[PDB]
Each structure stands twice: as structure tokens, then as C-alpha cells.
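Labels run A, B, C, D and E following the written order; every chain starts at residue 1.
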Amino acid sequence: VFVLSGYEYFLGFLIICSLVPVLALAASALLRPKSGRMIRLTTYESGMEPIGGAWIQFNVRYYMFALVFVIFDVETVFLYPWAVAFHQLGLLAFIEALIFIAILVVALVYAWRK
Amino acid sequence: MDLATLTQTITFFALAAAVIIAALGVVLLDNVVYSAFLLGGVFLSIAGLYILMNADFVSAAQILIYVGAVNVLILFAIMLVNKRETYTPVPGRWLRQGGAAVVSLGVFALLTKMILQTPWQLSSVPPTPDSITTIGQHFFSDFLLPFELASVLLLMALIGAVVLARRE
Amino acid sequence: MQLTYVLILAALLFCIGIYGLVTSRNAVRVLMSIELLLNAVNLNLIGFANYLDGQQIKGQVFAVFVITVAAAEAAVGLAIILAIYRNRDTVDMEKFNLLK
Amino acid sequence: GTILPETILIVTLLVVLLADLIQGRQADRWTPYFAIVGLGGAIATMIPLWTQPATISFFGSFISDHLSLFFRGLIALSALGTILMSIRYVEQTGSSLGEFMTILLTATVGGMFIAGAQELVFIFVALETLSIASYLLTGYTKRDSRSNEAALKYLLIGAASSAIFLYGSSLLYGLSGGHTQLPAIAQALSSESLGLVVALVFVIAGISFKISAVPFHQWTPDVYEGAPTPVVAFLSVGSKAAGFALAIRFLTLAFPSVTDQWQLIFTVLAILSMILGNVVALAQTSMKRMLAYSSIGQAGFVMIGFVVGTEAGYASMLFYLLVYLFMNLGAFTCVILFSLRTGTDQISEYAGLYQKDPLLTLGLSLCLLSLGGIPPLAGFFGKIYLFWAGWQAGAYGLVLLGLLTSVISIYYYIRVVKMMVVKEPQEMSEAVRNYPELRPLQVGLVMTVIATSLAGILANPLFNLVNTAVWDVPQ
Amino acid sequence: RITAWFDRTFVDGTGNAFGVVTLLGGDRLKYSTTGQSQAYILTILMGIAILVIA
């Protein structure tokens, strides 16, 4: 059984939209110069040659900024049905959601203080 | 015996095949980044399977969290730990590999027998379409303790993870 | 598209995640296998909610919570892996054995 | 709805925030107190609702009977005893103390919630709240490689155990129509099927991980060596308390006691725990690892309380679980106090401690002997009640194995008192030859040692408590 | 000279063997804790599918 109305279009449109890149990128492949293999295939380093070694000097600069993002990404999922259903709930749900949001605010303050 | 049900069956089996192939790629492939992206593939296929089961909110939530937050986290971390993979083979390997394979096949056969044997109670009444307002009603009537404790869970997870991944 | 098919699919995903959790040697792949396992659980919950308890859907809220906490446990696990890597300078799970 | 049963948890919860904001502003703070005070207030909040009201339910999602209050107070007391030990320990390490006490108090909150929880979703949420904080505490000292490997190992085992427990919970929700409630599942499924047996074993797989029943034991010897020692103290008392509470509330009330194959499963696990955790503990060189295998063995002892459940095995189990607190907090406080001063080491370095520090010896020998089951001491009466509650039901073999393992345990428990007392000035270890010569550590040590020596003969006041708690278990 | 020797060899030894065995049974069973978390998960998975059979 299936009672989700609006679906029929998301599948068909997903197909027709996924078909746009795999069709433009194939039309371009049919009609375009062939190979250019020898030295066209190097990495752009402002004209010079790659220095060698080629590492990144790993940094937690972009793990913490993804941890804190996962936290509040979960927060928004928890807050969406509260907002959509704020009519039948009324009071005493605002209090619990407010406790939730205050805890998440203390979490943000902790992340912002370090 | 219809055009709607035929589509709902073809799509289910297509998504199931996608799940199986991507989930085998996550665990069998030798390169780790291919696994990191096939994981997002698995998550997207399961998000489709949810929509096919009248659960439209939780599928969008999965796409937010799994293939939008956890997958990006896993990709960052897989980049952080690149050292050209000098894994030397260990002798006691075929033992654990064979044990894992046989225990997995046995547990799967056991679960399949349990699933095909038990008489589930199908309760043939069409589900509800407004599946997000109901989830909103259950967060503050029935599942109030978990909804309230998930905040403290997230806070303690943030604290501990910042402490472990800090730099000093 | 029946309940038995969804349950068998979830059990098979559980199987694959277990194999990857026991066999794999890299350290992030075991976390990815744990995620596969939690997805195999959420699929059970949503199948049961869609077929058995379809009016006051209660497997879907439980699934929302499972997704939340899988995100949290991943956020903690990658931190643990970064901590162990910062000291041992590897992720070869066959080198974290301080025993005999 | 009836949020009164929560004025015990929210108090602790408030502390979690207040001992956190103060670390945001100050960063050199006295949060060790007003955290002891927070747990004291949480425990004192139980007196108004221990006897005055009847058993109450939050929304069916939580219950506050006398067994719930017992286990909640037990876990709160374990956290109170752990906060005392961990003051000069994690301060001596170049780490913060507020960011540690917040995690410890959150683990405490999770353990206290899982005690009185009677719903699938909330049970999962409390268990995972405990497990995440346990991982974070295990990997706290991020400078040592042993701590990191232990945290990784513990996380990879616990997350798999939680996935199995969640598969069991999903099966249990699907077998009985809907009914995420525990008591509403017993009413729905009341017949042994393959699905019910699979759900039962999959729940046991995640319970035994918490209570350390073999073959689900292989993480405690690797976690107790790795984790900070006060984390191990909270992990051997509070985690087992939460696990046994959840096992009682789950197996008895949810899995219809008509399917008492879990009594067979737990007989198997108890026999195996007694045999292994006491035989392998006999050949160990470090005190923390020895205590890990000892803890496995003691869990095996406890698991003959609710495997013969007869309203006296439950009381024996609860009494031993209460005495185990005094025994292990006092056995870990002395280990911490020794590894702080100079040692930072294993059993062989204890040789000759009677000359340099006699109070630590008199405090550690008492607790090790109590663990062994030596007369008047808290452990002797606990074990005698465990063994008689086992004979009075019919389990001859279980008790006759418990006794032999008690002798095996007396051996390696007295082997430490050997080193602590025997040695003459020529046989002191290199750690005692230069032994030097922190108030909360001593005031917790003295308290647990005087409790483990008096809660044995002054046991009648805390037998009525255990009995009124056991009156709530179904049968 | 027989009896004493008997006491020194057969009786005493018979009382010690037990102890010695219990030592060996602990010294060669600690190796069950192999130090490999995947092995621990294998033992947890061998717990299930066996108690499910019994």
C-alpha cells in the first residue's frame, strides 16, 4: 500500500534530472577533440613543476566544524515536527521545546568558547 | 495487477539491488574513499526505501543526517588519515575471515527462517499520509523523556568529541 | 513489496555490516559498518510501522531517535579514531593490540 | 505527567549544566563540590518518594517503584564515590576537571534513567546515553596510547552490542503489533516462537555486555587497563548496577516469564563467568587487570541471584550488588592512592607497603578480603546470602561452583595482602624504597572501608530496604 | 622409609596437582583475551547463533 500523494513526480523527475548531466556530458563526448595525452595531462602548479612530496599538513580545522554541524543538523530534525505541529500542542510543549533549545544553546556556547 | 503496484514493486527491487551492491562495495572494496561514497549511496537508497514505505519525513531526515552530515564527517576523517596504506598481510587472517563469513551466513539464514516462519499481524488498514504531525504529537505526549534526554545526549557528545579531537 | 521482503533485506544488510565490522582492517570502515547495521535496524522499524502499526506510527519516531544517536556515535567514534591516530600514527586495526 | 519522579534526575541534570557553565567562565574551579552536593541532593530527593507515595508512572515511559529508587540511589552513590577519587587524579594529569565531571554526571543520569525506564525507545536512549559517556570517559587521558586503544576497543564493542540490542528491540516491537511499552508486550505475545527466542537472545547479547557475562566479557580486561582508574571505579559499580537494573526490568517484565529460557541462558553465563573470571584472574600482574577479571567473577556470582528468582534470590542479588559498591569503591580508592604517590604500577610493586604506609594497607586488605568473602566483613554475608538463596531454590551445582570459585578467589585476593605485609626492609620494591611522605580521597577511602567492615554485621537495617525493593519484581 | 616417601610424593603431590592445574588453567586461558577487538566481536557473535540453537 502507498498513500503518499505527490510521489510519482519525484521518481520521474529524479530520472529526467539525472538524465541531464549524463546526456550533455555524452553529447560533449561525441563531438569534441580526441585525446591530448602527453603533457596536457599534468597538474596545474602555476606553470612550474609540482614540488614533490605533495601533502596537506592535516588540520582538525575541518573536523570540528563538521562535528558541530552534525550536532545542530540533528537539532533541526528534532525541531521540525515541533514547529509543524505547534497548533495542536499549545502550551507545555513550548516549555519542553524551550528546555531542548536551551540545552542546545549551552552546547553552542561551549563550542564557541573553545 | 496494476500500474501503481507494478511501479512500487519495480522501484522496491531496484532500490534493494542498489542497497545490496553498494553495501557490498562499502565493505569489500580495497580503496576506502570509494567506500566512503558508496556509503552515501547506501544512505540515499535507504532514504528512497523509506519514502516507498509511507514515511516521508524520516527519509528526508535521513538524507539530512546520514548523507549530508555523517557522510561528510566520514569523508573529512578519511582524508585526515591518509598515509598511503602500507598494510602488511598478517598470518591469522583466513581464520577470522572465514569465521566472520560463516557466522554471517549462519545468522542470516537463522534470521530468514525466523522472518519466514512467524505469523506477523498485517492489520490491513491504510496508513496515515500526514506522518509528520503524528511524529510531532509523539515527541511531547508519549516520547517526552527521550526527546528531552536527546538534548543532553547531544551536549555530552559534543563536549566529549571536542575534548578528544582537540589540539594541545 | 511485502513485510517479509523488507525484513529479509534488513537482515541481509545486518549480515553485510557484520562481515565488514569483523573483517575490515582499516579503522573508519568498521564505523561505516556500524552505520550499515543501524540502517538495517531502522529498516526493520519502518517496515513494522508501515505494515503493523500504521495509524499511530511508533517505529518511525523510534527510527528518528536511532538516526540521531547514530549521528552522535559517529561524531564520537571519529574523534576516538583521530585521538588514536594522533599517537599511534596509523589506523591499521591489527596494530591496536597491547596484549598477548 | 507526574514529573515528580524526575526531581531526582533533573537535580543532577542541573548540576551537569552548572558545573559546565562555571567551566566556561572560570576554567579554574571548585566544581568537585556542588557536584558532590548535587548527587547528595539527588539522593536526598528519594526519601520523599521512597515510601510516601505508591508506585507511579510518568507516561508509561518511566516507573518509580522501590526497585527503581534502589537502583537510582545505587548509581548516584557510585558516582558520588567516583567524584571523590578523580579530583587529584585527573588534576595531576594535564587535563580539565569540569569537562570530565560533566561527562561523568551525564553517564550517571543515563544510568539512573535506565533503571526506571519501561519502554523500548526510552530504554534505548538511556542505554546509549550511558555508553557514549562511557567511551568518552575511557578515552579521556588522550596523551596515553593505552587509553586511546582502550576507548577505540570499547567503542567498537559497545556500538556493535547496541546494534544487536536494537535489532532485538525492533523485533520485539514488531512481534507484538505495536506496543513500544514493556508491560504491553507481555500481554500481546504470550507464547514461545522463533521470533521471541531470537529477540530474547539478541537482548541478552546487549545486557551481558553491560554486566560482563562471558563470552561478552572480553572488553573489561582491556578497558580496565586503559581507562583512568576512577573511570574504572565508576565503570565496575555503576555500569553493572545499570545493567542488572535493566536486566531485571526487561526480562521479568517484558519477556513474558512464560519464556524462562533466559534462566537457562543465565545459568550458562554464570557458570562460565565463575569458571573463567576467577581462574584467569589468578595469573595476572597488574592490579587493574586483576580487578577486571575479579569483576567478571563477581558478576558471575550475582547472576545466581536472579537465575533462581524466588523473592530471596532477588534480595540476595540486590544485597550483594549493594555491598559490591562498598567493596570496589574502597578497593579502587586504595589503588588510586597508591598509583598517585609514587608507584603508578602493578602488583609486584606493592611489596613492603606495611612499613611505609600502614593506613593504605589496612584499607586495601580489608576490601580485598571482603571481596574474597572473609567473616565479619560486608562480603561474607553477601556471599552467604547469595549461596543460601541458591540452595533454597534447588540450584546445587551453581552454588557448589560458586564456593570453589570463592576459594580460587581467596587465593589471588590474599596474594596481594602477601606483598603488602610480609616484606622486611630488604624486600621492599623499588617503588616503596622511595615512597614519599587529596583530603577527599582520604575521606572517601575511610568511609568505604568503614562501610565494608560494618555493613556486614549491621546488615539488618539494609535487609528491610532490600526486601521492600524486591517486593516490586513480578513473578 | 616407604611411608614418609609416599607422604612426600603421592599424597602431597596429589594435593598439589589440583593447585598446579588451576594455575595452568589460568596461565594458558588468559590468551583468550587476544587483544584484537574484531576477535572480541567474533566471540560475541559466537555467543549468539549458539544460545539461539540451544
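Miscellaneous remarks
What we mean here is this: a contact is a pair of C-beta atoms (placed from the backbone, for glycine too) under 8 Å apart; a residue touches a chain by one contact, two chains touch by 3 or more.
Per UniProt, the chains are A = NAD(P)H-quinone oxidoreductase subunit 3; B = NADH-quinone oxidoreductase subunit J; C = NAD(P)H-quinone oxidoreductase subunit 4L; D = NAD(P)H-quinone oxidoreductase subunit 2.
Common neighbours of chain C and chain D under the contact rule above are A, B, E. Top contact pair of chains, counted by C-beta pairs, is B-C. Using the mean of the Cα atoms as each chain's centre, the chain most removed from chain A is E. Separating the centre of chain A from that of chain D, both taken as means of CA atoms, is a distance of 42 Å.
Chain A and chain C have Cα centroids lying 20 Å from one another. In terms of their C-alpha centroids, the spacing between chain A and chain E amounts to 55 Å. Between chain B and chain D the centroid-to-centroid distance comes to 32 Å (mean Cα coordinates, whole Å). Counting partner chains per residue, chain D shows two or more touched chains at residues 20, 121, 124-125, 128, 132, 135-136, 139, 142, 151-153, 156, 160, 174, 177, 198, 222.
Across the assembly, chain C contributes residues 7, 14, 17-18, 21-23, 27, 30, 47, 52-53, 56, 58, 61, 64-65, 67-69, 71-76, 78-83, 94, 96, 98-99 that each touch 2 or more other chains.
For chain E, residues that reach two or more other chains under the stated contact definition are 33, 35-39, 41-42, 45-46, 48, 52. In this structure, the chains touch in the following pairs: A-B, A-C, A-D, B-C, B-D, B-E, C-D, C-E, D-E. Residues of chain C touching chain B in their complex: 1, 3-9, 11-20, 22-29, 31-33, 35-36, 39, 42-43, 46-47, 49-58, 60-61, 63-65, 67-76, 78-83, 85, 89-92, 94. Chain contact summary for the complex, chain E toward chain C: residues 31, 33-38, 41-42, 45. On chain C, the positions that touch chain D within their shared complex are 7, 14, 17, 21, 27, 30, 34, 37-38, 40-41, 44-45, 47-48, 52-53, 56, 58-59, 61-62, 65-66, 69, 72-73, 76-77, 80-81, 83-84, 86-88, 96, 98-99. On the chain D side of its complex with chain B, the touching residues are 13, 16, 20, 58-62, 96, 99, 102-103, 106, 109-110, 113, 117, 121-122, 124-126, 128-129, 132-133, 135-136, 139-140, 142, 151, 174-175, 177, 193-195, 198.
The residues of chain A lying in touch with chain B in their complex are 1-5, 7, 10-11, 56, 58, 60, 62-64, 66-71, 73-78, 80-82, 84-85, 88-89, 92-93, 96-97, 99-100, 103-104, 106-107, 110-111, 114.
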